[PDB]
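Student: Those letters in the sequence shown? Residues 3 to 40, per our numbering, in order.
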Amino acid sequence: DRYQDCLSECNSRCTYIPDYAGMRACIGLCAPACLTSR
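#1: So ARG4 and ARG40 are supposed to be a Cβ contact under 8 Å. How far apart are they, rounded?
#2: Would you please state the rounded distance, in angstroms, between the beta carbons of residue 1 and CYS8? I believe it to be under 8 Å.
#3: In three-state terms, what does DSSP make of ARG26?
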């Protein structure tokens, strides 16, 4: 589903973030925004 795909690439995309806080927040908000925007 578009949800799994988006989240997948999204996570693996923001996974490059060295900061644990920035990474968790980025991926944590990326999904919600993606689902609400998609």
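Cβ coordinates follow ideal geometry from the N, Cα and C atoms, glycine included.
Tutor: In terms of the structure at hand:
#1: 6 Å
#2: This structure cannot speak to residue 1, because the chain is shown only from 3 to 40.
#3: helix
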